[PDB]
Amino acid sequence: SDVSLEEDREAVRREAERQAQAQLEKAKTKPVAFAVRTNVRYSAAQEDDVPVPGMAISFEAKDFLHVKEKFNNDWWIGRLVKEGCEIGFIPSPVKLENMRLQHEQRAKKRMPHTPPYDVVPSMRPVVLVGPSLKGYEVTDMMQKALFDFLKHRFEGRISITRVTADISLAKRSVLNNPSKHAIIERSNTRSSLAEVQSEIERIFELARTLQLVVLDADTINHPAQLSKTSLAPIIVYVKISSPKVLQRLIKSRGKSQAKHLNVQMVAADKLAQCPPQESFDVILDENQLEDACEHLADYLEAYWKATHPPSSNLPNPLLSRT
């Protein structure tokens, strides 16, 4: 019968879904392989042909995904990095491309691009900026107090490392430059970009096991210095809101620090000009150090939960017939 045959095509589909779901269960206990930050929105639709229908992972632009396994050339297995989100099927760049083409063909100018995923560290590295320039006593003493608090508050979960190399250079215009200039600089084994590239791979490796990564980055005084990299940092703005208060603080450190007053005041003003919601992930402008520490810890504990979801319950073997 023609009906009994559609029953076969449906049963084949159900068996394919059962096998895909079984592979999803096996991945629940595998480690996070890598992470990506998205550049586009993906809203799961009814014709997406997901390996298990209804288990597609929808996401917004600039979301973060933890990837555990490659299912096939069209789908990965992973989860949105967000509390309460469980693993499902993430469309690959190959699949994301073909879906956009289908959307444009059914859409209603006279003449009728960007990669959706960037590989980023599995944990977003924490970077402190402000109140002024690093290397001077006011900023160094304030950031050191926050670093000392993070060591104790997150002991056993934290990996703090110093970065003296200018990781602001770790962008495509520098590290992936195709001009005949770079082709010659890559020939010298002592090109300054070698240590920059090496430091980036070390930061990725430090976050692979999902520990909280905190960078003491010497050269990063402004979020625009990392926005073009693939480090996707958590930018913590240590803020002194009153320029006059910052002046007394700098002047209170002696003439050695009062000499470089203008360069410190200018940098603090540059941070104040940043649109806060696009530039900073955490803004610490509390009056007391203890209150600023609690704010930062609250944020990182929430990030820890988003990156360390509880283990899913295993099916009770008592319910099995054999």
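From 1 onward, residues are counted along the sequence shown.
I'd like to know the size of any gap between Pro112 and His113, counted in deposited residues with no coordinates: none, 1 to 3, 4 to 9, or 10 or more.
Some 4 to 9 residues are missing between them.
Going by the PDB record, how many residues of the deposited sequence fall between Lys108 and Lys109 without any coordinates: none, 1 to 3, 4 to 9, or 10 or more?
Unresolved stretch here: 4 to 9 residues.
Could you check which stretch, 206-214 or 95-103, carries the larger mean CA temperature factor in the entry?
Comparing 206-214 with 95-103, the higher mean C-alpha B-factor belongs to 95-103.
Take the C-alpha B-factors listed in the entry for 300-308 and for 5-13, compute each mean, and give the stretch with the larger one.
Per the PDB entry, the higher value belongs to 5-13.
Have a look at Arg248, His222, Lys239, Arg124 and flag the one whose Cα has the highest B-factor in the entry.
Spelled out: the listed residue with the top C-alpha B-factor is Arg248.
Could you say which of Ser159, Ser187, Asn72, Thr164 has its CA atom at the highest B factor, as listed in the PDB entry?
Going by the entry's C-alpha B-factors, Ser187 comes out highest.
Determine, from the deposited record, the chain-internal third of the Cα B-factor for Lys26: lowest, middle or highest.
It belongs to the highest third of the chain when residues are ordered by C-alpha B-factor.
Can you tell me which third, lowest, middle or highest, the CA B-factor of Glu290 falls into for its chain?
For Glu290, the deposited C-alpha B-factor lands in the highest third.
Considering every modelled residue of the chain and its Cα B-factor in the PDB entry, is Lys134 in the lowest, middle or highest third?
Answer is lowest: the recorded C-alpha B-factor places it there.
Of the three thirds of its chain by CA temperature factor, lowest, middle or highest, which one includes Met142?
Middle third of the chain for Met142's C-alpha B-factor.
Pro178: which third of its chain by C-alpha temperature factor?
Its C-alpha B-factor belongs to the highest third of this chain's values.
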